[PDB]
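[1] From the sequence below, what's the structure:
(one chain, ligands or ions: 3)
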Amino acid sequence: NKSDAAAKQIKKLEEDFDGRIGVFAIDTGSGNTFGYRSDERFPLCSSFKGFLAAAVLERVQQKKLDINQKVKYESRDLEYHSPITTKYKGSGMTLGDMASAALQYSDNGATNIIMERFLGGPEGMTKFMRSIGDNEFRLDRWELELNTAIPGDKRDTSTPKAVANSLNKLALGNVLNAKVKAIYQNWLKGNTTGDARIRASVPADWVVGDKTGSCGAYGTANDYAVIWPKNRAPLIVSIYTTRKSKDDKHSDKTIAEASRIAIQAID
Ligand SMILES: *[B@@]1([O])OC2=C([C]=[C]C(F)=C2C([O])=O)[C]2[C][C]21
Ligand SMILES: [Cl-]
Ligand SMILES: [Cl-]
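    Numbering: from 1, shown residues only. Ligands and ions are numbered 1, 2, ... in the order given. I have put the structure below:
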């Protein structure tokens, strides 16, 4: 009833913007869930940089990488949208600072360096997600080519559900020890690109961590979040969208509204 209506709201919302919306929301207290197109495929865009930061932390934790290790790149042609790597280029950044920049500012340079040097490229990225029991997620290509978001292209996609479950595992589950879990949570919390998405759908006094993607093509944008309400168990939210025509612009407000809806459905 509280779910059959939630779905109606989402279908109307996708029709409204001539597009396609995928949702998965978990209440980790009640075990309640809500889902619309949650097993349909959607492009990741930048949103996997959230999971890359987690992969770095797992390595870090196995004492295969030092979080404080200097990463040099003074002679690199930094990819477009590297706002943070660009500033430190003359001096390198720690591994920690590089991963968090991948997450928090969606920095392409940080992303690519980490995938090449420490994680085994996209295949390694996909392996890491398998290692935690995510079967849907796939990363095929690098920045920025992975952002094409061409309809029916399965490269570099996942499902809203697979994304949610995964976030749950990494942010709230037992893939990371207490120390590194806390860093991960902090990183998520300090994401700077998500104020118009899932965060705009919740009271100001809930803490949120999130990772957004914006493919910049076929109106494809997304956001995922861990939400900690005041007197309540953490929520997980997962919003994925595409649009019909290559030129369609992405809709921040549609993501926020889909977040409003999902949250009400698991409440
Ligand atoms: B990406 O998918 O992430 C991204 C880009 C541009 C602007 C954005 F706001 C964001 C985001 O939301 O993470 C480009 C780098 C790709
Ligand atoms: Cl970001
Ligand atoms: Cl964890």
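[2] count of neighbours near residue 255?
    Other residues near residue 255 number 27, with proximity taken as other C-beta atoms under 10 Å. Quick note: C-beta positions are derived from backbone N, CA and C, even for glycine.
[3] so which strand or helix has it?
    Using DSSP states H and E, residue 255 falls within helix 252-266.
[4] That helix near ligand 1 anywhere?
    No - figure legend: helix 252-266 not in contact with ligand 1 (C-beta under 6 Å from any ligand atom); closest approach 9.4 Å.
[5] Can you tell me what sits against that helix?
    Contacts of helix 252-266 with the rest of the structure, by C-beta atoms under 8 Å, 6 or more residues apart in numbering, involve 2-3, 6, 9-10, 13, 16-17, 19, 21, 23-27, 30, 32-34, 196-198, 200-202, 221-223, 225, 227, 235, 237, 239, 241.
[6] now with 6 Å?
    3, 6, 9-10, 17, 21, 23, 25, 27, 32, 34, 196-198, 200-201, 223, 237, 239 (C-beta atoms under 6 Å, 6 or more residues apart in numbering).
[7] what's the answer for stretch 231-248, then?
    18-22, 24-29, 42, 160, 163-164, 167-168, 172, 198, 218-228, 255, 258-259, 262.
[8] Can you tell me the SS state at whichever residue of the chain sits closest to ligand 3?
    With C-beta to the ion as the measure, residue 176 is the residue of the chain nearest to ligand 3, at 3.5 Å. Secondary structure state of residue 176, per DSSP: H, G, I helix; E, B strand; the rest coil, is coil.
[9] Would you enumerate the residues in contact with it?
    Applying C-beta under 6 Å, 6+ apart, the residues contacting residue 176 are 57, 184.
[10] Ligand 3 contacts on the stretch 51-200 of the chain?
    Where the stretch 51-200 of the chain comes near ligand 3, counting by C-beta under 5 Å from the ion, the residues are 173, 175, 176, 181.
[11] Just the buried residues of the residues you listed.
    For these, a burial check counting by 16 or more other C-beta atoms under 10 Å picks out 175, 176, 181.
[12] how near is the first one to residue 124?
    Okay, so that is residue 175. Computed with C-beta to C-beta, to the nearest Å, the distance linking residue 175 and residue 124 is 16 Å.
[13] Can you give me the buried ones in the helix holding residue 255?
    In helix 252-266, the ones that count as buried by 16+ other C-beta under 10 Å are 252, 254-266.
[14] Closest to residue 84 out of these?
    For the buried residues of helix 252-266, the residue nearest residue 84 by C-beta to C-beta is residue 252; the value is 22.3 Å.
[15] hang on, the earlier thing: how far away is the residue of the chain closest to ligand 3 from residue 163?
    Distance check for residue 176 against residue 163: by C-beta to C-beta, it reads 17 Å.
[16] Near ligand 2, which residues of the stretch 1-150 of the chain are found?
    Contact residues, the stretch 1-150 of the chain versus ligand 2 (C-beta under 5 Å from the ion): residue 106.
[17] all helices for the stretch 1-150 of the chain, in order.
    In the stretch 1-150 of the chain, the helices defined using DSSP state H, counting those that start in this stretch lie at 4-16, 49-61, 85-88, 95-104, 108-117, 121-130.
[18] Pick out the residue of the stretch 1-150 of the chain closest to ligand 1.
    Distances from the stretch 1-150 of the chain to ligand 1, computed as C-beta to the nearest ligand atom, single out residue 46 as the nearest residue at 2.5 Å.
[19] got the contact list for the residue nearest the centre of the chain?
    Taking C-alpha atoms, centre = their mean, the centroid of the chain lies closest to residue 47, which sits 3.2 Å from it. For residue 47, the contacting residues are 211, 213, 222, by C-beta under 6 Å, 6+ apart.
[20] In strands, which of these appear?
    Under the assignment DSSP state E, the contacts of residue 47 contribute 211, 213, 222 to strands.
[21] just these now: which is nearest ligand 1?
    Comparing these against ligand 1 with C-beta to the nearest ligand atom places residue 213 closest, at 3.9 Å.
[22] residues contacting that closest one?
    Listed by C-beta under 6 Å, 6+ apart, the contact set of residue 213 reads 44, 45, 46, 47, 222.
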